Amino acid sequence: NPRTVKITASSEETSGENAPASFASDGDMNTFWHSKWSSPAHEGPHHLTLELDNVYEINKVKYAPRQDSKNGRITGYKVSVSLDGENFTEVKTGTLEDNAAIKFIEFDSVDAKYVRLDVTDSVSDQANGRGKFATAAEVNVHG
Ligand SMILES: CC(=O)N[C@@H]1[C@@H](O)[C@H](O[C@@H]2O[C@H](CO)[C@H](O)[C@H](O)[C@H]2O[C@@H]2O[C@@H](C)[C@@H](O)[C@@H](O)[C@@H]2O)[C@@H](CO)O[C@@H]1O
Ligand SMILES: [Ca+2]
């Protein structure tokens, strides 16, 4: 049940379309965060940090890909946790399948107030777009 106080990101798009980082902090499958693609683009590295309302014991991250485009779809991730928002500890690394299905990332129970998702790999419907974008309809945490 942890509440996301806020989501911050490496970057966000509010100019070419409305896709701020906070759109990834609700369960509307029809809104998403997009890394900044409009000039000047931020083309990586990409990440997203959820600040929880308290310290929780967490063992799972849910990731809902953007539903209308594969652009930015996360296929490689590192998950880290923090108590103070500054010092992070890696708890999980892995790949995710290249489809729009909801993903889960699971690890041993760990106390966190902040959960960071580093995008190590991402896909695109563009020929030379590997790694350029990051999108998320939702990122959430569970314990
Ligand atoms: C094959 C190919 O090159 N396709 C591109 C496609 O990737 C582009 O989509 C947009 O790309 C930017 C980043 O460059 C963002 O991801 C945009 O959200 C994305 O737009 C979305 O998809 C398109 C197809 C439209 O439905 C748009 O309204 C969506 O938001 C488009 C640019 O429109 O061009 C090529 O089709
Ligand atoms: Ca959403």
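All ligand and atom numbering here is 1-based and tracks the order in the structure. We count residues from 1, following the sequence as given. As a basis for the values below, the full set of heavy atoms in this structure was taken, side chains included, without hydrogen atoms, waters or symmetry mates.
A donor-acceptor contact shorter than 3.5 Å links the side chain of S82 to the backbone of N87. Between the side chain of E138 and the backbone N or O of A24, no donor-acceptor pair lies under 3.5 Å. In this structure, the side chain of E13 engages the main chain of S15 through a donor-acceptor pair within 3.5 Å. Side-chain N or O atoms of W33 include one that pairs as donor or acceptor with a backbone N or O of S11 at under 3.5 Å.
Nearest N/O/S atom of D26 relative to the Ca ion (ligand 2): this is OD1. The atom of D28 that is an N, O or S and sits closest to the Ca ion (ligand 2) is O.
Here the shortest heavy-atom pairing between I102 and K62 reads CG2-CG, 4.0 Å. Closest approach of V115 to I58, counting heavy atoms only: CG2-CD1, 3.5 Å.
Taking backbone and side-chain atoms together, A137 has an N/O/S atom less than 3.0 Å away from the Ca ion (ligand 2). Not a single N, O or S atom of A64, from either the backbone or the side chain, sits less than 3.0 Å from the Ca ion (ligand 2). For a distance bound of 3.0 Å, the N, O or S atoms of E138 include none lying that close to the Ca ion (ligand 2). Checking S25 against the Ca ion (ligand 2), every N/O/S atom stays at or beyond the 3.0 Å cut-off.
Among pairs with a residue in residues 84-93, none fulfils salt bridge (charged side-chain N to carboxylate O under 4.0 Å, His left out), at least two apart in sequence or across chains.
In this structure, atom 13 (C) of ligand 1 has protein heavy atoms in its sub-4.0 angstrom surroundings. Within 4.0 Å of atom 1 (C) of ligand 1, at least one protein heavy atom is present. Remark: atom 32 (C) of ligand 1 lies closer than 4.0 Å to no protein heavy atom. Closer than 4.0 Å to atom 7 (O) of ligand 1 lies at least one heavy atom of the protein. The protein does not reach atom 26 (O) of ligand 1 closely, with no heavy atom under 4.0 angstrom from it.
In terms of protein heavy-atom proximity, atom 15 (C) of ligand 1 is nearest to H34 NE2, 3.2 Å. Closest to atom 21 (C) of ligand 1 among all protein heavy atoms lies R66 NH2, 3.3 Å. Nearest protein heavy-atom contact of atom 18 (O) of ligand 1 is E17 OE2, 2.6 Å. Nearest to atom 3 (O) of ligand 1 among the protein's heavy atoms is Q126 CG, 3.5 Å. Protein heavy atom in closest approach to atom 9 (O) of ligand 1: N71 OD1, 3.6 Å. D125 OD1, 3.7 Å is the protein heavy atom nearest to atom 5 (C) of ligand 1.
Atom numbering of ligand 1 starts at 1 in the shown order; those under 4.0 Å from a heavy atom of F133 are 13 (C), 14 (O).
The closest side-chain donor-acceptor pair between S38 and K36 falls under 3.5 angstrom.
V61 places a side-chain heavy atom less than 4.5 Å from the side chain of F107.
Of the angles at the Ca ion (ligand 2), the one spanning O of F23 and O of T31 is 100° when given to 10°.
Relative to the six-membered ring of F104, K60 meets both conditions, a distance below 6.0 Å and an angle of at most 45° to the axis.
Between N59 atom CG and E106 atom CD the span is 7.0 Å, to the nearest 0.5 Å. The distance from atom OG of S122 to atom CZ of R73, rounded to the nearest 0.5 Å, is 11.0 Å.
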